[PDB]
Amino acid sequence: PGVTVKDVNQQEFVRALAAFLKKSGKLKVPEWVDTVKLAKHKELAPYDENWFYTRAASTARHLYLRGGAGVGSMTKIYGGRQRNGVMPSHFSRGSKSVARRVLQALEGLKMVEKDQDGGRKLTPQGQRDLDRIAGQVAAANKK
Amino acid sequence: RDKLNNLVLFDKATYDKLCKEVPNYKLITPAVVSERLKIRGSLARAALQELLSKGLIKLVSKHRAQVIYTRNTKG
Amino acid sequence: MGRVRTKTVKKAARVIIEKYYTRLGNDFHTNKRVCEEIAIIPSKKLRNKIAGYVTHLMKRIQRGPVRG
Amino acid sequence: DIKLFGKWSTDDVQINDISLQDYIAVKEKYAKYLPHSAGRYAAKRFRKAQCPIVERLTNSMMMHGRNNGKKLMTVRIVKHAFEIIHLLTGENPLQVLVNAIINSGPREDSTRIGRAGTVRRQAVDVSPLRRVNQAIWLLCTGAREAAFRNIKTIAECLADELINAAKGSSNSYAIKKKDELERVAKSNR
Amino acid sequence: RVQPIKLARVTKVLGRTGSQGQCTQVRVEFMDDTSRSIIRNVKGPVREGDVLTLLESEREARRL
Amino acid sequence: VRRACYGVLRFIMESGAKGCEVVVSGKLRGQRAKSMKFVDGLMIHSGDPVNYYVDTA
Amino acid sequence: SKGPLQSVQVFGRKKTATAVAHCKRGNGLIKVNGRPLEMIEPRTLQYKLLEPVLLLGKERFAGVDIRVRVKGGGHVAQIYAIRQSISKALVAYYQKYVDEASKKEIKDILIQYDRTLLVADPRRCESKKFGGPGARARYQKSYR
Amino acid sequence: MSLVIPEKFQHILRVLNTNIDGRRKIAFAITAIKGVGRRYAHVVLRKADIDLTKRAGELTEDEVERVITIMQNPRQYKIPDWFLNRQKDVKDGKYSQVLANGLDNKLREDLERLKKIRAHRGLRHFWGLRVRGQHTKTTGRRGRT
RNA sequence: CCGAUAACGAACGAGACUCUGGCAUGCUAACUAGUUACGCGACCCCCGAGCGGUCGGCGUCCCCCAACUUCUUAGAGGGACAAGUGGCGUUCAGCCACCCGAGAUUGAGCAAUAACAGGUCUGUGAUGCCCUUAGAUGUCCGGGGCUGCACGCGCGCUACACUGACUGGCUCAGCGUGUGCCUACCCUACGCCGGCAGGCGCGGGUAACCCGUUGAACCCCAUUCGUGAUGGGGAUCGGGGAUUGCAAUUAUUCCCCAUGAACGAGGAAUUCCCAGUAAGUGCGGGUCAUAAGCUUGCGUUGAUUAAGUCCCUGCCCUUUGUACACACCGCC
Ligand SMILES: [Mg+2]
Ligand SMILES: [Mg+2]
C-alpha cells in the first residue's frame, strides 16, 4: 500500500494538501495577503482567499521533488508571462517577498529546514506528512 | 442583431420553463441553454451544475473549456 | 532525378577498369575496397561514386563491347 | 477493436460509393487510437490519402494566427465534437463524419484564365483527392465562420456542421458553397 | 429526362492543360461499359486507376 | 606597369607553379580608372581548397 | 530466485528529446521519472503512451520492469521519446534474452501499426538565415 | 443556488455622481465609476467584507453605503498608502485617493497649475501635443486630420 | 553527361570541396559528464509484503575504497553509391516505382569572364586634387538638437476576441555568454527588509566545476468572465517609488494606483513560403553606465495546399528581323 506523491496527480495533490493546511490553523499569514499580487507580471489579484495555503502546498510538493532551492529558485519556478502592454511579451519572475514569507512560515510548522549549503529542504517530518496526505488522495482517486 | 440583453438572474417566467423542458433533450450545454432561454451563460453554467446536484441531468465531459451534459436514459 | 555523373568520375572509372579488369567484379562493396589501393582518392564521397559507376560499366562490359 | 478515444470502432463504418474508398482512411489498416501522428505525410505526393481522415481534419482545423500549433487543443476539440455528435444522433461518429465528407465534396468546379463570363469560363470536374480536401477545408472554415463571434464553442459548431452536412440541409456552409460551386459550373459548362 | 450521375475510371495520364498546369488531362473509361471510353480534363492531383464522378456525359476532347 | 607585370609573371611561372594571376587597378593612363588582369596557368576560384591552394596578396 | 544481470538500458530520441528505458527483469511495472504511466502530464496524448502496452498486452510485460528518464526536448517530443524508448527496450529485451523468433513476431506488430516506434525521426530543425525572420520566410520587401 | 432575481434588485445603482450596472458582477460593476480601477475594487471589496460571487443589484442599501465609505476613507482601513492615486499631494501633501468628478477637477487643477507656471509639460498640454517626449513625426495625426 | 561532330587538345564556373543534421548498444575514453549495482540512510507502506516504492539524499579518485560508456561529451573510423529488383529509354547517357536501409533530394559557406560612372574620401596613420589652418572646417569644454509635427510612404510590435481573457496548479528545451592592457564597467546562488523596481551581508565562477538538472514561454489541467468596443485592447494622460550616471526636463528604464481612446478582421494593390516548412511561442548575442517594438544563430508547438506551368512577372539556349549599340527608359 505504499503511496508516493509522485504516484498520483500533483494538481489534485496540491488541492488536497491546501485543504490540510486550511483545516490545520498553524500558518503564519501576514497582514497584507488581501492586497498584493503573487507576481510582478500578474495584472489581477487571486480569486481564491486560500491562495497562501495553495502556494504553501505547491512549494511543499516542489521541495518533495527536489530540495535545496532558495527563494530565487522559487520565484524562477513561479514566473510566468508578462504581456508588456503593447511591447512583445516576455518572461518574468514572481514576487520574492511572497515566496520568502511562505518559506519562512514553513519553518513554523517544522517541516522545512535550511540546509548546510544554500537553500532549504524538507525535514523527515515533512517527508512523512507529504506521503501521509498522498495516501488519502490516492484512496479517494481510486474510490 | 444589435444586442442580446440576456438574463443574468432567472425570473419565474424562465425558471418554470427551466424546470420542465431543460432536462428533456440530449445536447444540453451552457451555450445551447443560454441561446434557448435568453440567459447570460454564466447563469446557465451555474444552473447546469444546480441541475447536476438535483441529479436528473448526467455529465459526460467536465472540461475547463467544454462542459457537456445530457438527459437520463429513457426507453 | 539529378543523378547524372560528371566526366571527373566518368574518366577515372573507365581508366581503372581497363587497367585492372582482372581485379573487378559486379559487387560495389568489393570494388570500393579495390579502388582504395589502386588510386589515392581524396574524398570518401568520391571513391564510392567512382566504384558505383564501375559496377554500372562492369555489368555492361560482361555483356557486350563497351567503348572501353 | 482500435477504439479511437477508447470507443467508436472503425469496423462498423462504410463508404457508400467506391469513388472515395481509395482515399478515406477509416479502414482497420488505417485505424488509429489517437488522431496525433507525425507521419511525415507531406514528404511525397498522394501520401496524405493513406493518412487517417481524422488526423487530416485535426491538422486542418487550426487556422488564422490564433491556432497554428495548438494540436492538443484541436484534438480535445475534435474529441468533444465527436462525443457531442454521438450524443445528438445515437450512432457512430465516424460514419457521420464520412457521410458529411461525401455529401460535402463538390463533384465539379470551374476555372479559366481566359476572359470568363461571370467568375470562371470553363467548368472542370475535380479529382476525388480534391473532393476530400475541399470537403475538410469547407467544414473547418464553416465551423470557424459560425464561431467567429458567438457564444457557441468550436466543438459544438463542428458538431452541427457535421450533422447538417451528413444529412443534407442546405444550411451548412460547406454544402451551401458546394451547391453554389456546382451551380456556377453548371452555368459555365 | 435528366442525365444520371455516373462514374468513370482513369486508364492513363496524358498531361497538364490550362496554360498553367492547373488542370490535368486524362483518359477515362466507363465502369458501366468497359469498351466505352473518353478523355477529359480534371483539376487537382490524379494518379492512374482511381475512379472519379461525372455529372455530365461528354464535354471536351482536344489534341494538343 | 605592363613591362613590370610581365616580368613578375615570368618570374612566378619560372619559380614553378600551376598558375598565377595579377590584377592592377587605378588611375592608369587617363583620368578614367582601368583595371588590367594578367592571368595564366590553372586558376581555381571556388570551394574550400582555394584557401590552401592560392596565395592572396 | 534472485537471478541477476537481466536488464537493458535502451534509449529513444525524438526532436532533441532523448529517453532511456531501463528495462529490468521483475514484476510487470512501468514508470517514467518516478511517475506512473497513467499519472502523467499529457492527459490528451495519454493514448500514445498506452499504445505499446495496448498492442502487446500486459502478458508480454509480466516479467518486465521499465524505468524511463528524460532530460531534454519539449512535451510531445518527450512523449514520443518515451514511447519509442519503451518499444525499443522491449524488442531489445526479447532479442537478447529470448528467441528472436519471438522478437520478430513482436517487432512486426509495432512496425505494422507505427514505424516511429522503431525508427527515430531524422528531422530536427533548420538553420535560420539572415534574410528574414525564419529559416525560409523572408522579410517583406516593398518597391515604393 | 441559482435562485430567482430578488424583488428588491436594482438593475442600476446610483453611487457618488455616476451610475453602475446591476446586471454584472459587483467587482467589475463598481469599476464604472471614474477613478475606481479593477485592482482598487478587488481590494476594497475584500476589506469591506462582501461576497464576490454575488451581483451588484442585490447588495443591500446599508452595504452600498458601507462600500462607499470604505472606498472614500481608505487610510483608516489598512489600505496600503501606495495603492492610492493622489499620493504625496502636489498641493497639500496628503496621501489621499479621489474617485469621482473630484478626480476630474483635481486633474484640471494640476493642468492649470502647469499652465500657470508655463512649464514645458503645461505648454505641451495646452497646445495639445505629446508631453512625455514620444515622437510626433508619424503619429497623432488623428487629432488633426 | 551520352552521342554525333572541322575539329583536336585543354582550362574556369557548376560539380568536385569544407561545416552542420540524420545511424552508428563498434573502438578510444572520461570526479569539470554520467549510467547501473551495492552499502547507509530519509519517508511512505506495513495486515505481511522487504530485490515493495521514491529520493537531483549520502558514499563507493576521501587513491584502492564497484563496474560500465548505452544515455552525455569528441576523435578516429565506417555508412549511401542509383547499390539491388521491376518498368521506360538509341538499352547509351539517363528517368519512375519499390524492397532492404537512419538517411534513396538536410541545410549552408565557397562561388567563373566581364561590367555598373551602383554605395562608401562619415573605418583607417588607404589616398590624389581642391579647401581651411589661430577670430580654424584642428582640438577641448558649457548648452541645444539630431526625437523637433497641418501631411505621405516603408519595416515592424500589439490588437479586434470565447480555438479567448484572467486566476491557481501541473510541467518540459537548445544556441551562446559571464569580472576587463589601455578601460573605470561581470554572470549571479543563498539569507534578511520591502508589495514592487530595488537595498544589505555573505558566497561560487576566468568556467561541461558557479549561476545552471539553465524548473522559459506557448501548450496542459481546474475557476471566473459570457458576445456587451465587455474581465478583448492598453493608446494618451495624472500622481507616487526605485535603479543608471556628473547630469533623466523634451518624461533613459522599471514598479504601483489611476482614464480606457481608435480598433468588430481593414479598397485600389501588395509580400513571403513546399517540412520541421510557414505560422504561434521563445532563448541568447549585437549595440548596452541604463536599455530592445530592430537584427542575428539556436529551441519549443506545429499545419492546409502542390511534385505543374508559361497566364502575368523574369531568366537560359537556338533560329529570326532590326534603321538600336548612351543598346526599347533605344531610335524616330
Ligand atoms: Mg470591472
Ligand atoms: Mg562550386
# chains A, B, ... in the order shown; residues from 1 in each chain; ligands from 1

call {"tool": "residues_near_ligand", "arguments": {"ligand": "ligand 1", "cutoff": "8 Å", "atoms": "only C-alpha atoms (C1' of nucleotides) and all ligand atoms", "output": "VMD selection string"}}
result
(chain H and resid 26 to 32 37 to 38 41) or (chain I and resid 231)

call {"tool": "residues_near_ligand", "arguments": {"ligand": "ligand 2", "cutoff": "7 Å", "atoms": "only C-alpha atoms (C1' of nucleotides) and all ligand atoms", "output": "VMD selection string"}}
result
(chain F and resid 46 to 47) or (chain I and resid 14 to 15 110 to 111)

call {"tool": "interface_residues", "arguments": {"of": "chain A", "to": "chain H", "cutoff": "12 Å", "atoms": "only C-alpha atoms", "output": "MDAnalysis selection string"}}
result
chainID A and resid 31:37 42:49

call {"tool": "select_by_dssp", "arguments": {"residues": "chain E", "states": "strand (DSSP E)", "output": "JSON, numbers by chain"}}
result
{"E": [6, 7, 8, 9, 10, 11, 12, 13, 14, 15, 16, 17, 23, 24, 25, 26, 27, 28, 29, 30, 37, 38, 39, 40, 41, 42, 43, 51, 52, 53, 54]}

call {"tool": "interface_residues", "arguments": {"of": "chain G", "to": "chain I", "cutoff": "8 Å", "atoms": "only C-alpha atoms (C1' of nucleotides)", "output": "JSON, numbers by chain"}}
result
{"G": [2, 9, 10, 11, 18, 19, 20, 34, 41, 42, 43, 71, 72, 73, 74, 75, 78, 119, 120, 122, 123, 124, 125, 126, 127, 128, 130, 136, 137, 138, 139, 140, 141, 142, 144]}

call {"tool": "write_last_selection", "arguments": {"atoms": "C-alpha atoms", "output": "short mmCIF file (atom, residue, chain, number, x, y, z; two decimals), in the first residue's frame"}}
result
data_model
loop_
_atom_site.label_atom_id
_atom_site.label_comp_id
_atom_site.auth_asym_id
_atom_site.auth_seq_id
_atom_site.Cartn_x
_atom_site.Cartn_y
_atom_site.Cartn_z
CA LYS G 2 17.49 -13.90 -7.45
CA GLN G 9 19.12 0.39 -20.94
CA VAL G 10 17.83 1.33 -24.39
CA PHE G 11 17.48 4.94 -25.49
CA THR G 18 16.11 11.56 -25.60
CA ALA G 19 14.61 8.96 -23.27
CA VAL G 20 16.40 5.94 -21.80
CA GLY G 34 9.42 8.11 -10.88
CA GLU G 41 1.19 15.30 -17.67
CA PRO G 42 -0.37 14.87 -21.18
CA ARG G 43 -3.85 13.51 -20.47
CA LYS G 71 16.37 15.11 -19.78
CA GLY G 72 15.66 17.13 -22.91
CA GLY G 73 13.23 18.37 -25.51
CA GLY G 74 9.71 19.69 -25.15
CA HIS G 75 6.50 17.93 -24.15
CA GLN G 78 9.14 13.83 -24.63
CA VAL G 119 12.98 4.42 -36.23
CA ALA G 120 13.80 7.91 -35.00
CA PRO G 122 15.54 12.42 -38.95
CA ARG G 123 14.07 15.93 -38.90
CA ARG G 124 15.23 18.14 -36.04
CA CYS G 125 15.13 21.79 -37.21
CA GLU G 126 16.56 24.02 -39.92
CA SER G 127 19.00 26.91 -39.68
CA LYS G 128 17.55 30.41 -39.83
CA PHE G 130 19.94 36.30 -42.23
CA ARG G 136 12.94 30.19 -45.31
CA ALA G 137 10.50 33.08 -44.90
CA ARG G 138 11.96 36.42 -45.92
CA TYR G 139 11.41 39.96 -44.70
CA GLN G 140 8.55 41.60 -46.57
CA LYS G 141 10.12 43.86 -49.19
CA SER G 142 8.48 46.81 -50.93
CA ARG G 144 7.78 52.14 -53.34
#
